[PDB]
Each structure stands twice: as structure tokens, then as C-alpha cells.
């Protein structure tokens, strides 16, 4: 089996099947003569290879991947066990979407196999969670969850967006399906939105012909698929740099007097979350002071991003409501990019002093 880097650049493609083109031609065509799109097929095969899965499916967005998958596997009466902490729109989709169509939802600490097995019911059909989780980015025992899951043949779905198949491969640990917001690290350059699902040919075929075909129509543009593949070609190199930069920044943040503590890392790629002693006011001043980090909500970009939930995404909520969603007043999340670490340290240092 060729190495990860080799497969991320070559898997599934041979120039002679496409006129000798070194780079695969982009099949920007809505239709083909009556007897699949070669560009999407290649992306799917390559992502399947990287995750150690049998088949892949490309979608218009990470949400397209999650919804197409869940709509396929669940029906009224079925139960879904969810990790305690989820993205945002995922939490919304579950509670304000599919959850309002008869599907039962139950949040459980995936870190406690005792509680998980205790929450297992003959109606449980799907176990969905992200690894690691937002809190302190704890890994969670995927193999352990898989063991409990098969009690009622429950399908285990893991959101592997944060790690990418380069750092974690849930399928090799027992998961049935892995989903990605390829919009983040996989693309790596913040210019496209895309989603990926990988698992057995059996499950993926169902999601493709049911969830996607009939219930979401969340198809991915061949042009975007081509750009996503371009990004995947440097995945290993980018993740290495994201991790190194984040490690240095995390160690720096831990020594600063303005920082109460570091939620993570203690590695979640280039992600960091820390707490400002000064709370919401300190967070606002910190964000206003940044000159290199961008004030935005996303991650996995070449550019470093920063967000202060309390004054940004969750500014409308009250302090108590924020706490209920695991959002402290001084919580700051960073997607450390690929810039020179010395410039990133200087930016954070200056902003930290300005936060006072």
C-alpha cells in the first residue's frame, strides 16, 4: 500500500484514461450520454483511500454530508445518540430539523461507555459524534463505542473534520461512516465549500441514492471537487505546519497572565481554545486588536482565524444561555494557520496586552 502522501496525489487516476493529462480534466458537464462524473468519482475514491474506507461520496457541504447521511439511516421512531457537544448547525439540524419529524434524540457522554451502554435502546439506530469534541478536544474511545453499538446494529457515524484522515481514521477503529466538512482542512485554502462521506459501499450507495438523490440534492460542483483534490495534495504538509504552529502558540498562551487556562491542546490539528481572565470585555478588546489573525468563523484555512463566541456567534444569548452551550465569557478559539509563527506570536502578544 503506497504511503498517504502518494495516495493523496495519485490514488484512482491514470493519465492514459484521460488523454495523457497529468492533472485530471475537469468534467464540468451536467449530463452524460445515456449508457457518474469522473471528477467526483476520483475525489470520492481518493478520499475513501485516505480514510481506509471502501467508498466515498462528495456533497455540496459538510452539512450536506451530515444531513444526507442521517436522512438515509433514520425514520420516525428511531433513536439517535449524540455526543454532548456538537458543531452548531448540526445541533440545529438534529433538534430543529430531523428531530421534529419523529426521530428521537438523546445526548450522552461518549467518554463514558457505561452511560452509553445504559442509553442503548432497541430503537437506537445511529450513534453520532465528533472526535475530538469541542470541550477539551478529548479523543473518545471509538472502538469502545463501536463495541456497544453493534448491540442493536446501530450505525456509528463520526465527524472527522478536525483531524482529517491524516491524523485519525475512525473507520479503522470500528466506525461505520466518517463525515467531513471538506470546507476546512481538506480544502485547506478557504475557497470552497464541500462535504465528504466515507464508509462501506453498501452504506454509501444508500446515502447516494436516497439521502442525496431524493432528500437533499446537495451535489458538489466538479469545479469545486477539482479544487478540493488540489488542496488534498498538500494535506500532510499543511497539517504538519498547522500542528507545529499551534503547539508553539499554545505553550506561549499558557504562560501569559491574561490567560486563565488552555482548554486545548494539552493534538486537534491547529486548533486552540483558551480562556481570557477578563471575560467578555477582554475578548472584545482582544479581537479588536488582532492585525494578522482574521476575525471570522471557520477553520483549516492557510490564514489564521480567531473568534470569541460570546461577542460573535453567541452574542445574542445571555451569559447563562451561553454556559448551557459550553461557551464561557472569555472563551477564545483559534484556527492557527500556516503563517510564520513569529508573526503569529507577535500578533497574539500585542492583542493580549491590549485586552487588559
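Positions refer to the first chain, counted from 1.
The stretch of deposited sequence separating residue 266 from residue 267 contains 10 or more residues lacking coordinates in this entry. Legend: mean Cα B-factor per stretch from the PDB entry, 42-50 versus 298-306; the higher mean is in 298-306. On average the C-alpha atoms of 127-135 have higher B-factors than those of the other stretch, with 127-135 and 245-253 being the two compared.
Considering 163, 272, 198, 94 together, the PDB entry gives 94 the largest C-alpha B factor.
The PDB entry assigns its highest CA temperature factor, among 226, 219, 237, 116, to 116. Ranked against the other modelled residues of its chain, the C-alpha B-factor of residue 144 as given in the entry falls in the highest third. Placement of the Cα temperature factor of residue 290 within the chain: middle third of the modelled residues, per the deposited record.
Sort the chain's modelled residues by C-alpha temperature factor and residue 185 lands in the lowest third, per the entry.
In this PDB entry, residue 15 carries a Cα temperature factor that places it within the highest third of its chain's modelled residues. When the modelled residues of the chain are ordered by C-alpha B-factor, residue 73 sits in the middle third.
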